[PDB]
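Take a look at the structure set out below.
Residue numbers (the UniProt record's numbering), protein chains in the order written: chain A, 12 to 23, 26 to 183, 204 to 354, 359 to 393; chain B, 12 to 23, 26 to 182, 204 to 354, 359 to 393; chain C, 12 to 22, 26 to 182, 204 to 352, 359 to 393; chain D, 12 to 23, 28 to 181, 205 to 354, 360 to 393.
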């Protein structure tokens, strides 16, 4: 197959560098165009910095979808990587015109925009991929499989967290990290959240947005058990760089995974010794392998994870010219995300009331 | 100093073997008496087993207390290891007749008795000590100290948990929820103001909760109103006995896991995170006083228990005391009981915040 | 069963540990003791331990004889003196039929170690060597599984023991032995020959504070195994890090004493398994030396107490499950320390 | 600024060098000699989408034609097995083409001595892919000891066990050796080895124990130890190294590469992390994402490719480090000194 002609909006900036890495890694893409800043001097510079044909460097995402859709050489797919109050204005321009969009988390900035974009995205024939990179890890996907086959039986408990420390001093945590924890939660567990209760705080004086969240969680009944969970996210917890973690408890055993040591999945069958499952090592399931690149003991990590999303989206894109083993996060996952955030905010404002 | 003559009620069962080791370990106590059972056939079997003078093996704590108070050679303190509904009953007899009581947790089974049992201990001139064994660990006491000095600044978050997996196939809140609550309040040194809970009885036929999820709001302090979470559970395959506490403040954070009780993870904001060790570099006075062997030689669960017996020993010698002596009181016990009550009250009300 | 009357010569951290290891299981009661040479310290300590002053001696020789006569006389004695005072103190109690629990290592000199093995053979009282570290339940699970061929035939037996305390009689004899002895206890193998490079890193220090040692074991289940041993007193970051890893044809095992309740077992071509004290897949040999449920950490003392109790059990006799470190163990221990010091002085020569 | 046209010889682990190369966008891969049989070569040029103009079946030819081209590769990646290294590399070195070669240097001490000749002659760079020297913490570890953060070095304890074959000293022993030297800042002086081939029918070794003696440095005459092994179940890829000095200690395991364990004697042990607090400049330059976002084994590999790149750009920075022909040589010597010493029942060799 011919590499996918890829554009970018936003970037210039870790998150730009990450997406561009994610797309070089498995060599499924070539990055040929970009509107990476709204103020032209900066755009032109950034293109200059990436080696982009200046023919091919814009400063208007709207201008850039119009021309590129005409171009015979035009982009086949676009990574949207603006701040999220702009995800919707941007993606609808490309989806509108048959260009696949690979969008960064969370979906939007408001529930209103989330709903519109779904509609846009649903109307289009172009693919729409949401980049929840953490569902991308081999061991995270193995968990999903294991649980789907009932390796720990009915789910009773889903315990989820995501503390960081970077705002100890000096849109909030629920929307930025909280949603990842939530989405990681449902992805692994196979459950639907039915209702939640949230206590949010902005600890850091001067700060209007929530920088910590405690959330009680009630799940829809699957398999005769009505699962519960909790969720914590925080940006004021010294000692934590990026400690996303998920813990699942069934009627037959448990599964523990920590993003910071991603190559490990802790599996304990009830009545048995806990077993340490490894990426690419024994016990590694099919679903894990399909996104593994190197031998056991040879640490894959965050970028390899992000790339897993770009590679699946690719396998799908090709099939727009589809393998049922291909997974990636959808507009409905992002749909769910925004409902989650809205409801946390509504809850805490209503003093911890249950919301669905 | 002449040893402490000690009696027991109940045990004679893990629980009783543990207090007996906890008493023996530091050599502060000779165990001389005991109502080890309600049926006399056992009570004598138990006594003969513990190698006790049958003169001194009873089968009725009330008799046992009446007799030992007047007995001149008689027990100076007693350890109550019965089930919770019995504590108040058992304990009132001994505090009446002025002998000291080392009680197992929780205080009671009902709020009403706990209420009584405070009035008994408040009236008495004897000591009441409660075995929140887990507050006996040196790193747990070092955390309490560092947070008390200002080491991590004003406390913002207390994250508590306690999962076991034995009941996968009297409930979790009262059995283990308390230990966790107590650990949280012990280390962070804060007063819980209000809570909201969601309690589940996952197992079919099990009436009592076997899981709890609890949101915590603490009394403002250092100009900061902290919040927290508590999970406990008996149905979580993977956890044998995983009590844990994590504490975040304006200046840094501290984490302690009871399965590896000999370590304390201290990270000051902006700085590499440090590994704090029992009896090692960076060990503080509070830990030092309750440590017996050098760094690297693991202390543990029996030793955290023994620390509570010995802290109590110290206070007992002072009644024939150092400001350094600390042990869980009746009030700690009471808090524990208001806590369980409020969880159960809140949860019936669909997580209403309760004071 | 009447508690064993025990007396003590010597002891100091080390005296305190033994008295705890005595008290823990309620098997023993401390009646007599000669805790010092100077009679002033020896009255005082007795006074503190609340012993009977009638029972406080200041010479171990007067102690054996007197106690040996008495009908309230001690049924056993804990020897916790320095190394060069072991043989002297112990023989006096074995002569007269009172049991001896001696700390490690056996003696300060190989020659005395030979004399003592003799005194112990002749004698009809038991001789327990407190190689405490062999008392951990998870250390005994290790021995139980390897014996049964759970990890097939042993190929490698990697041992070490760094400490950091002398960063500013040396490590081999002091800690090197503990780990030689642990490797053997666990594998079931007999050392054939070694080759060793020792250092006295710190200026002014005469004794070696580090040791690297190559190892060869006797053929056994067909395979002729090897191993290495590092010990040290100058490795910052280590407090008391004894550790042992054994690899076979079928699997491998790792145990570290700083986190003693865990034993890492991986069977070949299968996911590694975290075995725990009192937990699922706690083997028999583990259970019989465990007090409390899983997840409730047991430690140094409990293990030390394990020895004391197995000593108890032997004394009450003897259940052929009751194992403890023998005189011959302490003997192999000396020969090892001997060979190493020999081997280094001849620049790494293999010795046996 | 303009990418570096790149060739490769081998592959068809080639994938890893290809990943390493793409990762930072410094190279474009244009030509290749991915196999000896001329069809398997075309096919693989085809799997990768190389212009068939530029798919070769013999390296010597490839080198020639490319050196002539105006589209000629500016660098070649030699990823063939060891015994082919020299043949290939000398053809690109001869003609001004930089060569990034995978380890080890060669399969004979003879061959090696010749490559150093070809390398030293050439004006093209010779880069040896010691990926593990690539990791940010491993460079942080080197920097600190350079800086005397743990005082004079006394111990260098290093091991590398794997489990898959339940020739070792050459396949993994050397990585362990070089990494210890890389981090430690020392020169091995002499070693005594005891090598082993447990598994029947295996001619080569699959275990090695070896004591080590370095050359007096800062008044201290360090010692170390080294174990590698391919028959040690439980171990996937257990490369690890620990260094103890007069004032401190450093520990690092490659299976959890983002953590460096620093103990300052007398003080509590510290967990140092990639891009985290207390990360150091040597680490900074080679890290791509924030603390807590784990970089790994490919990232370490792409770090060597990205320092070669920087080296190349010049020859068109005293910060830019990479493993040289010499590191390669020291390695060939090491392995020889081993086998030699073992055969002589563990004799100290130099």
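Every residue, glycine too, gets a C-beta built ideally from N, C-alpha and C.
Near-chain C residues of the region 270 to 284 of chain D - C-beta to any C-beta below 7 Å
Those would be 270, 271, 272 and 282, in chain order.
Buried/exposed call for residue 86 (chain D), threshold 16 Cβ in 10 Å:
Residue 86 (chain D) comes out exposed.
Would a check of beta-carbon distances place residue 249 (chain B) closer than 8 Å to chain C?
Output row for residue 249 (chain B): interface = no.
For the alpha helix (DSSP H) containing residue 217 (chain C), name the first residue and the last one.
Per DSSP, residue 217 (chain C) belongs to the alpha helix (DSSP H) from 212 to 222.
Quick check on DSSP: helix, strand or coil for residue 183 (chain A)?
Three-state DSSP puts residue 183 (chain A) in coil, outside helix and strand.
Whole angstroms are fine: how far does the CA of residue 248 (chain B) sit from the CA of residue 283 (chain A)?
If you take the alpha carbons of residue 283 (chain A) and residue 248 (chain B), they lie about 20 Å apart.
Quick one: Cα of residue 228 (chain B) to Cα of residue 310 (chain B), how far?
Rounded to the nearest angstrom, the gap between the Cα atoms of residue 228 (chain B) and residue 310 (chain B) is 32 Å.
Would you report the Cα separation of residue 175 (chain D) and residue 373 (chain D), rounded to the nearest angstrom?
If I take the Cα positions, the gap works out to 18 Å.
Would you mind sorting residue 64 (chain A) into buried or exposed? The rule is 16 or more other CB atoms within 10 Å of its CB.
Answer is exposed; the Cβ neighbour count stays below 16.
At the 8 Å Cβ level, is residue 34 (chain A) part of the contact set with chain D, yes or no?
Taking 8 Å as the CB threshold, residue 34 (chain A) lines the interface with chain D.
Just mark residue 27 (chain B) as buried or exposed, buried being the case when its beta carbon has 16 or more other beta carbons within 10 Å.
Around the Cβ of residue 27 (chain B), a 10 Å sphere holds fewer than 16 other Cβ atoms; the residue is exposed.
Beta-bridge pairing of residue 66 (chain A) - partner residues as DSSP gives them
Under the DSSP definition of a beta bridge, residue 66 (chain A) lacks any partner.
Which same chain residues, not among the five before or five after residue 368 (chain C), have their C-beta less than 6 Å away from its C-beta?
131, 134 and 141.
Do the CB positions of residue 271 (chain B) and residue 286 (chain A) come within less than 8 Å of each other?
In this structure, residue 271 (chain B) places its C-beta atom within 8 Å of the C-beta atom of residue 286 (chain A).
Buried or exposed by the 16-neighbour rule on C-beta atoms within 10 Å, applied to residue 387 (chain C):
So residue 387 (chain C) ends up on the exposed side.
Strand pairing of residue 98 (chain A), partner residues [DSSP]:
According to DSSP, which records beta bridges pairwise, residue 98 (chain A) is partnered with nothing at all.
Starting from the beta carbon of residue 388 (chain B), find every residue of chain A whose beta carbon is closer than 8 Å, and list them in chain order.
Those within 8 Å of residue 388 (chain B) in chain A are 391.
Quick one: Cα of residue 236 (chain B) to Cα of residue 257 (chain A), how far?
If you draw a straight line from the Cα of residue 236 (chain B) to the Cα of residue 257 (chain A), it is about 11 Å long.
From the DSSP secondary-structure annotation, give me the bridge partner or partners of residue 278 (chain D).
Note: residue 278 (chain D) sits in a beta bridge opposite D:174 and D:291.
Buried or exposed for residue 267 (chain D), going by 16 or more other Cβ atoms inside 10 Å?
Answer is buried; the Cβ neighbour count reaches 16.
Considering only C-alpha positions, which residue in the set D:292, D:106, D:177 and D:252 is nearest to residue 273 (chain D)?
Nearest C-alpha to residue 273 (chain D): D:177.
Under 9 Å between beta-carbons, which chain C residues line up against residue 67 (chain A)? List them in chain order, please.
Near residue 67 (chain A) there are no residues of chain C at all, since even the closest Cβ is about 54 Å away, more than 9 Å.
Could you work out which residue in D:37, D:45, D:71 and D:32 is closest to residue 51 (chain D) when comparing CA atoms only?
When the alpha-carbon of residue 51 (chain D) is set against those of D:37, D:45, D:71 and D:32, the nearest one is in D:71.
Quick one: Cα of residue 240 (chain A) to Cα of residue 207 (chain A), how far?
Counting only the Cα atoms, residue 207 (chain A) lies some 14 Å from residue 240 (chain A).
Tell me whether residue 277 (chain B) is buried or exposed, calling it buried when 16 or more other Cβ atoms sit within 10 Å of its Cβ.
It is buried - the Cβ of residue 277 (chain B) has at least 16 other Cβ atoms within 10 Å.
Is residue 305 (chain A) close to chain C? Criterion is C-beta to C-beta, closer than 8 Å.
Interface with chain C (8 Å Cβ-Cβ cutoff): residue 305 (chain A) is included.
When you compare only the Cα positions, how much space is there between residue 219 (chain D) and residue 225 (chain D)?
If I take the Cα positions, the gap works out to 7 Å.
Would residue 352 (chain B) pass as an interface residue toward chain D - the criterion being a Cβ-Cβ separation below 8 Å?
So, not an interface residue.
Contacting residues, own chain, Cβ-Cβ under 7 Å from residue 6 (chain B) (five flanking each side not counted)
In the structure displayed, chain B extends from 12 to 393; residue 6 (chain B) sits before or after that span and is not available.
Terminal residues of the beta strand (DSSP E) in which residue 254 (chain A) lies:
From DSSP, residue 254 (chain A) is part of no beta strand (DSSP E); its letter is neither H nor E.
Under 9 Å Cβ-Cβ, which residues of chain D neighbour residue 308 (chain B)?
Correct list: 305, 306, 307, 308 and 309.
Which of helix, strand or coil DSSP assigns to residue 150 (chain C)
The answer is coil: DSSP assigns residue 150 (chain C) none of H, G, I, E or B.
Leaving out five residues on either side along the sequence, give the residues of the same chain with a beta carbon under 6 Å from the beta carbon of residue 29 (chain B).
Shown here for residue 29 (chain B): same chain residues with a beta carbon closer than 6 Å to its own, the five before and five after excluded, namely 94 in chain order.
Compute the Euclidean distance between the alpha carbons of residue 103 (chain D) and residue 377 (chain D), then round it to the nearest angstrom.
Those two C-alpha atoms are separated by around 23 Å.
Could one say the Cβ of residue 262 (chain D) lies closer than 8 Å to chain B's Cβ atoms, at least one of them?
Interface criterion not met: the Cβ of residue 262 (chain D) is under 8 Å from no Cβ in chain B.
Identify, in the order they occur along the chain, each residue of the same chain with its Cβ nearer than 7 Å to the Cβ of residue 167 (chain D), setting aside the five sequence neighbours on each side.
255, 256, 257, 258, 283 and 284.
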